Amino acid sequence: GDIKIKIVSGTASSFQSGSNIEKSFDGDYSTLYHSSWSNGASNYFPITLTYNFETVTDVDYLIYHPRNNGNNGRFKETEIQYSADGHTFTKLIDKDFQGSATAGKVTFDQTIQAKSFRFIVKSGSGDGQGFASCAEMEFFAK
């Protein structure tokens, strides 16, 4: 029924080497995007994650999949943004994933036309002040 949108590239303002952003769109729920393990800085958060499609595309909802074992980096408070040209970004919604260990779905009020999505991760679960991590990020159209 629903169509999954292909993520072709992305960026992360913080990553641990070997755990860069593309590990969250490789289709494998065991591989992780993971922010830098050096999480002691006062300005460590927020962490900004950008997911890019090939072209502007119709999108109706997204699903964030946290790591399915371990508690380091489960998203908590975020701002979700998107962009129609990959450069200029528009606030979509504030979403609090609550540090949940299960998938978090966000359904948009209306279909949006996006080439890119961006997550401003303000907080995340884990040791110390927390981390940001993601097993898979998915985007769908109805």
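Start at 1 and count along the sequence shown; that's the residue number.
Peer 1: Please compare 35-43 with 94-102 and say which has the higher mean C-alpha temperature factor in the record.
Peer 2: According to the entry, 94-102 carries the higher average C-alpha B-factor.
Peer 1: Using only the Cα atoms and their B-factors as the entry lists them, report which of 59-67 and 83-91 averages higher.
Peer 2: Looking at the record's C-alpha B-factors, the answer is 83-91.
Peer 1: Just to confirm, going by the entry's C-alpha B-factors, which of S14, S9, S123, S17 comes out highest?
Peer 2: Result of the comparison over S14, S9, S123, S17: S17.
Peer 1: Could you tell me which one of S30, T48, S116, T78 shows the highest CA temperature factor in the PDB record?
Peer 2: Spelled out: the listed residue with the top C-alpha B-factor is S30.
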